[PDB]
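Have a look at the structure below, then the notes.
Quick reminder, even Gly has a Cβ in these numbers, built from the backbone with ideal geometry, and neighbours come from all protein chains shown. What follows draws every value from the coordinates through simple rules; no lab data is involved.
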Ligand SMILES: CCCCCCCCCCCCCCCCCC(=O)OC[C@H](COP(=O)([O-])OCC(O)COP(=O)([O-])OC[C@@H](COC(=O)CCCCCCCCCCCCCCCCC)OC(=O)CCCCCCCCCCCCCCCCC)OC(=O)CCCCCCCCCCCCCCCCC
Ligand SMILES: CCCCCCCCCCCCCCCCCC(=O)OC[C@H](COP(=O)([O-])OCC(O)COP(=O)([O-])OC[C@@H](COC(=O)CCCCCCCCCCCCCCCCC)OC(=O)CCCCCCCCCCCCCCCCC)OC(=O)CCCCCCCCCCCCCCCCC
Ligand SMILES: CCCCCCCCCCCCCCCCCC(=O)OC[C@H](COP(=O)([O-])OCC(O)COP(=O)([O-])OC[C@@H](COC(=O)CCCCCCCCCCCCCCCCC)OC(=O)CCCCCCCCCCCCCCCCC)OC(=O)CCCCCCCCCCCCCCCCC
Ligand SMILES: CCCCCCCCCCCCCCCCCC(=O)OC[C@H](COP(=O)([O-])OCC[N+](C)(C)C)OC(=O)CCCCCCCCCCCCCCCCC
Ligand SMILES: CCCCCCCCCCCCCCCCCC(=O)OC[C@H](COP(=O)([O-])OCC[N+](C)(C)C)OC(=O)CCCCCCCCCCCCCCCCC
Ligand SMILES: CCCCCCCCCCCCCCCCCC(=O)OC[C@H](COP(=O)([O-])OCC[N+](C)(C)C)OC(=O)CCCCCCCCCCCCCCCCC
Ligand SMILES: CCCCCCCCCCCCCCCCCC(=O)OC[C@H](COP(=O)([O-])OCC[N+](C)(C)C)OC(=O)CCCCCCCCCCCCCCCCC
Ligand SMILES: CCCCCCCCCCCCCCCC(=O)OC[C@H](COP(=O)(O)O)OC(=O)CCCCCCCCCCCCCCC
Ligand code: SF4
């Protein structure tokens, strides 16, 4: 439907959740049910199509965001889909997407260590009390 | 196994110190649990900082 | 001319530890460069991604900014 | 090419199976070398305890003693007793060797560094241990030596005890980890090794380790004084080499299991600086 | 000035070469396992069961789409092999 | 108890503590392990290299 | 030691749960779009099956 | 602790199956080539459950 | 990598096992079975109950 | 003795706030448990079920959304 | 540290050591506190689990209490003839007391930067949650 | 018991031809409880589509991490009565075993 | 020719079987104590890679250490025959060699070589621990050389035929 | 639990054992086995074994196996509650303690009756 892979879809959604909020609310209200069992998608097809169109609109990014998007993709590749471990890079991507004009100064105020290749190896660097959930 | 006065005194002091040590350990565990409660409260405040919106269930659910 | 016994023992310990430590830290021996190249290839490009029309900075401007800042080294 | 390509769809995959076989062979050979080195270490450590040089002339300063003994065990000839069952006498050691060389699959060397993505590592270990005990009992039975049969009965008793002992240990351990996978233990053991919780039952943990390793005071099956040799009193050459290799494989891998589940696995002993450490870093 | 080793350390050092050989073999075995499991995935992928439900769904969505959804939606009556050597159901019954 | 199979008229909690120490925390695997494995290994080996050295003899 | 170690393990578990709250929040943010894509694909397959069934049974 | 005399001893009654050896006892040749035996002891041992019952020592293997 | 420290610990435990084999005597099967089923099973179960109680207290 | 101690402590934990009361006396179970346990339970009478958040209306902080 | 920062998984994936960034972030928050020091209304709404006076007293008293306990322990059970083990155990007790006190102080800091999260501006909140100080350029003089 | 492995000299052919072969034939002829279950390959796999469906809302609301959830919900929540009955049964069985030994 | 491969493999086999030379745990008389003395630390046997095995099936050397009596000769023959090949026999002590102090006895066999083929003899009564060590090392050297003692003749191309 | 990789690894382990089989066969070239009367007979410490294949043992500790059969299942019943003890409630806690108490009482009864030790027959 998107021709986009799962982790990239998650990264894009972390920002798109704030631009198509009304469509997301409409979809959620349509799918609401009195039991945990899911509702038939045939009823929510229209809201789903609206949400997907807005997501197509939102997926576009400025070129200045490309480095942040790539590092977030690398993080989400090395970690098997753990959003929490890579939220910092996803947060940087969201910040660049929102008001990309200020991201120029954001990058300008960068330290030597930050201006370096970002390689992720979670086996070597597990972290602190990582539950993987 | 008759015991001398010195050995009996040492045994008695060992028992008393063991009792005090156990009581202190239980008290510290109680304090540690209270500390965990405080940390949970702090983190709940932090998380709820921005998650303040509650959406009512639609009327069609019933 | 003589050296302390602990100095000699430390020399032996280093002889054992430095190679073992390096080998453990680099299990993919001599293919680390290939791994770097594969990571570079995985990294996406402007053409691969789709960009907004009202971009604050053009692709050329972004490239010039990255070159000036030395973003990747 | 269009009409010829279909003929090779299944022919171009055999090299992949060959590569898989080669990698498995390499892993098995490497673990065999590790176990041989473990045997040499055992001889040298016992030599230190007994104040003797130990292997020193098979290879310069005894560097190839394990290689020499393995080659000699290969060289030694074998004969099956006439009264014994020819088929089973050879079938049992073959199954034992297969099981022992399958042991290494249930091993982890990192957060997810395992040959296979197994979750029920403890279940696998229990099943493999039960199979090896089966092989030992069958060895003792089919070698009609009375000493071997008594060794098999002793092995049965040891297995009976191990069931409850290891089951209770695993029950206590899973209560924290909540999983059978070895990885889940290390994440909890990062701050403090899990042995601190069990410090009171440290003696029982030592007993469990020795009992599962079949080391003293639990070397009843292979007791060389009470029984001639044990379950292998009528086996020589590589048939007995297989049993020895299996015993050392079990020792090595259960040592790994204990280290992972109770001593932090691949986490350094950070508890030695617990007082000086800080639990958070906020800028 | 006989700067010889202490007696206890000299006695202990006898068994050290065995330790060194054991470390060599153990590092070889561990590195072989690491490389064998690392090459196919280009990484040390976390175990599937060591992940949340949502993470599992996100990880396996692409595989499901590539293996089942596309053949299902491009299915034709004459695509199936007459020998009944078709792909097995995702949830085998 | 030292003189025969009989037992004292009045047992004390010292016996309880000793039995608890011996059973709950098995001291063998630590006491003896240390005392022998770790300590006795610090003594020089008693071996005589026969090919290049000979044992003491007398005329 | 047993009591203190159990307390420490519970502390670790509760810290993990604290972080799981944020992970769940991120997953919630990402949920609607993947759900929409999955629903659209599911409905496309259902439409194909409905067309086939109607043609075969009519 | 309760009594265990009946579980600890089994007498033999005349012409009684229950009070008799209902098992084929293990007649082992403990030694001479046995690590525990000093080397010249041929002890015929009657084991029943790995518990010695009957001893028949032969000690002439070192008569000189 | 983690397997470096893991191999170190495995070597330590192997040396411990070897030293224990060189030091300690050997048990009887009946003696160990009686000890286990009379003392150690109860010890394990009591330890499990204590852990359950402590976890309930802390949670 | 440990059981008595923990039970006494649990009954004394009523002083703390609701989320920190003893789980022995207060239930905290997954959504699958709670829904089936309190579906038509007039004793608890939690109310309607929030499908996309998996909780009842009357449970504290059932629907917690961003912004 | 045992747990690292509560906002993010510290040293997860790539390990980052940026003392310059840490100093800039600390300076930014110091400037924020100094700027809002005079605001009585702002100071009124600051909340913490444990009072600053209480945590300071605990920090400066726990090591002393530990040292006193160690002194009592060595007097009761240790032979005065020797001194190495007595010094070691006394230092261990003092370090245990210091551990308790330092934990009190660190938990106070955690509470200070968590309970008062809503009082910070958006840029400072982002800078605190993430490891980068680039979100708060204005605060550290750039 | 039966260490040597020697067993009774039994000929199964007599009963096989007298009672068991015909009775089995009749039972197989007249026995089928499977009502309408369909084999795999009965229809093309491409017609089945439900297995691809994923519920992401339920996924992120789900916190379970082990496959013992149904077992605990059964033994300790729903079928706890049978759980206690099994415990009492095992206790009484141990008593019966001891008495049989005596 | 096979010799190209056989000869180096012969050397490897001889080296391996020399390095791992496990005798049988079998002692009959005072000579047993001397064997134990060689096994223990002062003259460590393990240095030369000899470790004793209880079962004959796992033994390479038969240490006939002690007097052999008529009441035991069938047992010695059975043990020798049951020991897995290849194997060697070492007589230790005067009693094992030729009857020793009891050569004029009515119960003692005048030599274990009458019942068994003896590969090597170690004189002594008792042989010293170093004497037993010397005998074992000489037996090991002879064993290593036994594989190729220059039996086959070299042709014009220096290849054995 | 694994996948078909486990079966393929079993096959690979058998292929690996074929290597040791080849080595053992090749070793045959460096020794000759003579035919002797007692070379292929049961070993009984240097004398002929009187009995073979009638080697019945006495199973006088069968109560331990009998009780193991029950206690294995009793312990197995505890796994789900231990795994999901974070979900424990009043009922689950009561049931777990009830079950553990039943196990303890059964063990105590066994000890009282003295069936955990070797008997005359
Ligand atoms: C085409 C490619 C070309 C590439 C370039 C060219 C090739 C480069 C290759 C470089 C590496 C080759 C190997 C070098 C070996 C050097 C040995 C040496 O120094 O000679 C002295 C040494 C003297 O030993 P010895 O005569 O037996 O000892 C006499 C007495 O025992 C008295 O003992 P002592 O007083 O002498 O003390 C002994 C010990 C004392 O030292 C110590 O104590 C420290 C070590 C022990 C630590 C123990 C930790 C556990 C503690 C447990 C508890 C406490 C202990 C006590 C416990 C009991 C207490 C009661 O000191 C040592 O022997 C240290 C030597 C360390 C050598 C190992 C180095 C590598 C190890 C890691 C693997 C490397 C993989 C490749 C990496 C490549 C990239 C870099 O020579 C030896 O005999 C070697 C002994 C060690 C075994 C080495 C086995 C090597 C096998 C071949 C490996 C091939 C694969 C790897 C290379 C692949 C190509 C890159
Ligand atoms: C004499 C006359 C001439 C005869 C000629 C005979 C015929 C010659 C060949 C003719 C045909 C040539 C065709 C060429 C074109 C086609 C090539 C092709 O199809 O491949 C493309 C295919 C895919 O293309 P690609 O994706 O572009 O490839 C890039 C990489 O795959 C990307 O890699 P990555 O970044 O994903 O990192 C993962 C990679 C990176 O991992 C590595 O391969 C790097 C090295 C890993 C550690 C190795 C440690 C070795 C030492 C450990 C300690 C041993 C101690 C005990 C033994 C004693 C040692 C002295 O590892 C793997 O992918 C898994 C491979 C695991 C290999 C198994 C372990 C190798 C050692 C075996 C030891 C066996 C037991 C001991 C035997 C002792 C004998 C005395 O590439 C591969 O799959 C590469 C496989 C490489 C396997 C290892 C090869 C040897 C490496 C150097 C170590 C040699 C050690 C020798 C020791 C000797 C002792 C005496
Ligand atoms: C978070 C969890 C943490 C763990 C929790 C665990 C909880 C368990 C609870 C249950 C158990 C409780 C046990 C309580 C025990 C105390 C009870 C008590 O108070 O009873 C009073 C009881 C009654 O005694 P008393 O009648 O008053 O008589 C006093 C004694 O005569 C004694 O007379 P003295 O005082 O004149 O002489 C004794 C003194 C002698 O001391 C000395 O001589 C000074 C040190 C000499 C060191 C020698 C080695 C140096 C090596 C240098 C190597 C250089 C290499 C260079 C080249 C390298 C090349 C690579 O020994 C010491 O006190 C040693 C203490 C210092 C150890 C070293 C520093 C460790 C620092 C650890 C990190 C701390 C960081 C802070 C945070 C910690 C957080 C946990 O006290 C005793 O029985 C004292 C026993 C002392 C034994 C000391 C043993 C030391 C370790 C020996 C290791 C040997 C290894 C050999 C090699 C092995 C190779 C495999
Ligand atoms: C799986 C392997 C086992 C793991 C076990 C878990 C770790 C436990 C560590 C030890 C904690 C203390 C337990 C109690 C010790 C009681 C000792 C004692 O009896 O003292 C009095 C004993 C004797 O006093 P006694 O009074 O008991 O008996 C003597 C009797 N009279 C008085 C008559 C003479 O004194 C000692 O010598 C004690 C020395 C203890 C030293 C212990 C060292 C253990 C080292 C190995 C431990 C495992 C390390 C693993 C490392 C892994 C790293 C990855
Ligand atoms: C592999 C086996 C390793 C075995 C090592 C054995 C070595 C020999 C024994 C060395 C003992 C050294 C003394 C300190 C040992 C650590 C004590 C401990 O657990 O404190 C951590 C604890 C740390 O707990 P904490 O994690 O709450 O610390 C504060 C936490 N924050 C930061 C969140 C606030 O230390 C203390 O807090 C002080 C004591 C508090 C009261 C409760 C303590 C219960 C356990 C006491 C055991 C005491 C045993 C020794 C008795 C005295 C012997 C002289
Ligand atoms: C040349 C003559 C050939 C004669 C025939 C050969 C007979 C071979 C008999 C043994 C192998 C049988 C293979 C077919 C059954 C495969 C079952 C299966 O699906 O498992 C994979 C399944 C994989 O399922 P999955 O969960 O990955 O799901 C697959 C998903 N789809 C359908 C989409 C592909 O295994 C598992 O799920 C769990 C792992 C099980 C691992 C079992 C390990 C022990 C196996 C011991 C076998 C011992 C055999 C030899 C000795 C006994 C006598 C036979
Ligand atoms: C991936 C890594 C793979 C590494 C593999 C490494 C393993 C190498 C294994 C080598 C095995 C060598 C076997 C030699 C056998 C001949 C010698 C012998 O046994 O002598 C006794 C008997 C002969 O005894 P004899 O009567 O001559 O007596 C010899 C004694 N003297 C010298 C005193 C007279 O063997 C024979 O019968 C010889 C003739 C028939 C065999 C001829 C050779 C056949 C080779 C088959 C190779 C099969 C390869 C399979 C590959 C696929 C496996 C899956
Ligand atoms: C699980 C492994 C780790 C151990 C964990 C459990 C530890 C249990 C003991 C904690 C300390 C108890 C202090 C009691 C002080 C006291 O009152 O002390 C009073 C007297 C003091 O006697 P003294 O004058 O000799 O000092 O001691 C006693 O009465 C002894 C009580 C029994 C202690 C035995 C050891 C514990 C066994 C398990 C508990 C069941 C005891 C049943 C006794 C009939
Ligand atoms: S030779 Fe001498 S020492 Fe040896 S057994 Fe005969 S009498 Fe004893």
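Going by average Cβ neighbours within 10 Å, how do the peptides D:276-282, D:264-270, F:9-15 rank, with the highest at the top?
Details: D:276-282: 16.9, D:264-270: 20.1, F:9-15: 9.7.
Per-residue Cβ counts within 10 Å, averaged per peptide and sorted highest first, yield D:264-270, D:276-282, F:9-15.
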Task: log₁₀ of I(q)/I(0) at q = 0.11, 0.14, 0.18, 0.25 Å⁻¹ - region D:116-219, Debye sum with one point per alpha carbon - done: -0.43, -0.65, -0.94, -1.38
- [ ] Compute the label zone of residue F:40 within region F:1-29: residues whose backbone N is under 17 Å from the point 7 Å along Cα-to-Cβ.
- [x] F:28-29
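Over chain N, what is the relative contact order in percent, taking alpha-carbon pairs closer than 8 angstrom and at least six residues apart?
Details: 25 pairs, mean separation 37.6, N = 121.
Computed over chain N, the figure is 31 percent.
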Open item on the list: Please compute the Kirkwood hydrodynamic radius over region D:178-283, one decimal place, Å, based on all pairs of different Cα atoms.
Closed with: 16.6
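Send over the semi-axes of chain C's equivalent ellipsoid, whole angstrom and largest first, taken as the square roots of 5 times the C-alpha gyration tensor eigenvalues.
Working: eigenvalues 505, 57, 11 Å².
In descending order, the three semi-axes are 50, 17, 8 Å.
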Open item on the list: Let's test this: bin the Cα-Cα distances of chain E at 5 Å from zero up to the farthest pair and state each bin's percent.
Closed with: 2, 8, 9, 11, 10, 9, 9, 8, 6, 6, 5, 4, 4, 3, 3, 2, 1, 1, 0
- [ ] Quickly rank G:40-51, D:57-68 as a protection proxy: mean count of other C-beta atoms within 10 Å, highest first.
- [x] D:57-68, G:40-51
- [ ] Sticking with the crude label model, points 7 Å out along Cα→Cβ, report the distance from residue H:2 to residue D:123 in nm, one decimal please.
- [x] 3.9
- [ ] Would you calculate the volume per residue, in Å³, of the smallest convex hull containing every Cα atom of region A:1-51?
- [x] 100
- [ ] For region E:1-67 and region D:246-277, compute the distance between their C-alpha centroids and round to whole Å.
- [x] 14
Task: Inter-chain Cβ neighbour average for residues J:16-29, partner chain, 10 Å - done: 4
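Over the whole of J:33-46, what's the average partner chain Cβ count within 10 Å per residue? Rounded to a whole number, please. Please list the in-between numbers first.
Values: counts 7, 0, 3, 4, 2, 0, 2, 0, 0, 0, 0, 0, 0, 0.
If you average over the peptide's residues, the count of other-chain Cβ atoms is 1.
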Task: For region M:72-161, the Rg and Dmax computed from alpha carbons only, in angstrom - done: 17.4, 60
Open item on the list: Can you give me the angle between helix G:2-57 and the longest principal axis of chain G, using Cα atoms only, in degrees from 0 to 90, rounded to the nearest 10?
Closed with: 0
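Considering all projection directions equally, how large on average is the shadow of the alpha-carbon convex hull of region K:9-142, in square nanometres? Show your work: numbers first, answer last.
Numbers: hull surface 46.6 nm².
Projected over every direction and averaged, the Cα hull of region K:9-142 covers 11.7 nm².
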Task: Pairwise FRET efficiency - residue H:12 versus residue L:2, Cβ, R0 = 22 Å, nearest 0.05 - done: 0.35
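Using the scaling law 2.2 N^0.38 Å as the reference, what is the normalised Cα Rg of region D:49-188?
Numbers: Rg = 20.0 Å, N = 140, 2.2 N^0.38 = 14.4 Å.
Rounded to two decimals, the normalised Rg is 1.39.
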Task: Overall Cα dimensions of region D:192-250, principal axis frame, Å, largest first - done: 47, 23, 9
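Quick one: which of D:239-247, A:20-28 comes out on top by average Cβ neighbours within 10 Å, and what's the full order, highest first? Let's see the in-between values first.
Values: D:239-247: 23.0, A:20-28: 19.4.
Highest to lowest by the protection proxy: D:239-247, A:20-28.
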- [ ] Quick one: among E:64, E:41, E:14, which has the greatest mean-square fluctuation in a GNM of chain E with alpha-carbon springs under 10 angstrom?
- [x] E:14
Open item on the list: Along its three principal axes, how long is chain M when you only count alpha carbons? Whole Å, largest extent first please.
Closed with: 60, 34, 26
Task: For chain K, built as a Gaussian network whose Cα springs stay under 10 Å, the top-fluctuating residue of K:82, K:117, K:73 - done: K:82
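Using only alpha-carbon positions, what ratio does the radius of gyration of chain D give when scaled by 2.2 N^0.38 Å?
On the way: Rg = 22.6 Å, N = 283, 2.2 N^0.38 = 18.8 Å.
Rg over 2.2 N^0.38 Å, computed on Cα atoms: 1.20.
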Task: Surface/4 of the Cα convex hull for chain N, nm² - done: 16.1
Task: FRET efficiency for residue B:19 and residue F:5, using Cβ-Cβ distance with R0 set to 30 Å, rounded to 0.05 - done: 0.25
Open item on the list: Across the protein assembly as shown, what fraction of all alpha-carbon pairs, as a whole percent, falls in each successive 20 Å bin from zero upward?
Closed with: 7, 28, 34, 22, 8, 1, 0
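How high is the FRET efficiency between residue M:145 and residue F:24 when r is their beta carbon distance and R₀ equals 51 Å, given to the nearest 0.05? It would help to have the intermediate numbers written out before the result.
Values: r = 61 Å, r/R0 = 1.20.
Once rounded, the FRET efficiency stands at 0.25.
How large is the translational diffusion coefficient of chain L in µm² per second when you combine the Kirkwood radius over alpha carbon pairs with Stokes-Einstein at 25 °C and 0.890 mPa s? Don't skip to the answer; put the middle values down first.
Working: Rh = 21.9 Å.
So the translational diffusion coefficient is about 112 µm²/s.
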TODO: Just grab the label-to-label distance for residue D:276 and residue H:38, each label 7 Å out from Cα along the Cβ direction, in nm (one decimal).
DONE: 6.2
Open item on the list: Taking every DSSP beta bridge with both residues inside chain M, roughly what % is antiparallel (nearest 5)?
Closed with: 15
TODO: Would you please report the Å³ per residue occupied by the convex hull of the alpha carbon atoms in region N:1-65?
DONE: 204
- [ ] With everything on Cα atoms, drop me the angle between helix N:4-27 and the longest principal axis of chain N, reported from 0 to 90° to the nearest 10.
- [x] 30
- [ ] For region K:34-107, just the Cα set please: Rg and Dmax, both in angstrom.
- [x] 18.7, 62
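Relative contact order for region A:44-119: what percent, with Cα pairs under 8 Å and sequence separation of 6 or more?
On the way: 35 pairs, mean separation 23.5, N = 76.
This gives 31 percent for region A:44-119.
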Open item on the list: What number do you get for chain I when its Cα radius of gyration is normalised by 2.2 N^0.38 Å, N = residues?
Closed with: 1.73
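In whole Å, what three semi-axes, largest first, describe the equivalent ellipsoid of chain G built from its Cα gyration tensor (square root of 5 times each eigenvalue)? Each step should come with its number before you reach the end.
Numbers: eigenvalues 518, 42, 3 Å².
They are 51, 14, 4 Å, listed largest first.
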TODO: Could you work out, residue by residue across C:39-45, how many beta carbons of other chains sit within 10 Å of that residue's beta carbon, and then give the average as an integer?
DONE: 4
TODO: Could you state the angle between the C-alpha long axis of helix A:21-31 and the longest principal axis of the C-alpha atoms of chain A, as a value from 0 to 90 degrees rounded to the nearest 10?
DONE: 40
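Can you give the helix-only mean residue ellipticity at 222 nm for the protein assembly as shown, where every DSSP H stretch with n ≥ 4 adds -39500 (n - 2.57) and the sum goes over all residues, rounded to the nearest 500 deg cm²/dmol?
Details: 49 runs with 766 residues, N = 1477.
After summing the helix terms and dividing by the residues of the protein assembly as shown, the value is -17000 deg cm²/dmol.
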TODO: Please express the shape of region A:42-133 as an equivalent ellipsoid: the semi-axes are the square roots of 5 times the eigenvalues of the C-alpha gyration tensor, given largest first in whole angstrom.
DONE: 28, 22, 10
